[PDB]
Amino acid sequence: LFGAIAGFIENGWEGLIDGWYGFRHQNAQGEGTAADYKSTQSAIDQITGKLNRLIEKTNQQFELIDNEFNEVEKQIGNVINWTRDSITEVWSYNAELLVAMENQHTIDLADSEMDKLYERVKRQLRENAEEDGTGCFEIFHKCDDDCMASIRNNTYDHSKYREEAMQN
């Protein structure tokens, strides 16, 4: 686990219906909230990969070894049942472990993608802002909405906005 989702971020946005990860800011011009494709997509394209790997086609045919209309002889009947019950124990075991293991990874994967989104925006604003500590960033140069848009699509000049926030 990476510490973002259900970590220092208190919760999520039940109004964010555009993606998994997004930006909700607060500058003078009013209000806005958007979604990030590439983060959302990289989580989508990975959970989707897990599913496509678990839905398969065992070209492995199995035939009747037993008879329900005419019970086979007891000794062989009991060996078969004993054997079938043994294989069932394995598959029930495998299935439960597989799902638990996968779910753990799926969840820590979504955390990862958040923390990866965060700690990249943080690096995009080399010092023109600082970390509040709840997933929010305080700029010290009043960013506009062609500036917030400039961040979201990764352009923001990492220098040409400096002292205006540095000196302050």
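Throughout, we count residues from 1 along the sequence that is shown.
- Per-stretch averaging of Cα B factors for 63-71 and 118-126 places 118-126 on top.
- Between the stretches 154-162 and 5-13, it is 154-162 that shows the larger average CA temperature factor.
- Out of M101, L54, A110, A34, it is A34 whose C-alpha atom has the highest B-factor in the PDB entry.
- Annotation for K50: C-alpha temperature factor in the lowest third relative to the rest of the modelled chain, per the entry.
- Annotation for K142: CA B-factor lies in the highest third of the chain's modelled residues.
- Per the deposited record, the Cα B-factor of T58 falls in the middle third when ranked against the other modelled residues of its chain.
- Among the modelled residues of the chain, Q29 sits in the highest third by CA temperature factor in this PDB entry.
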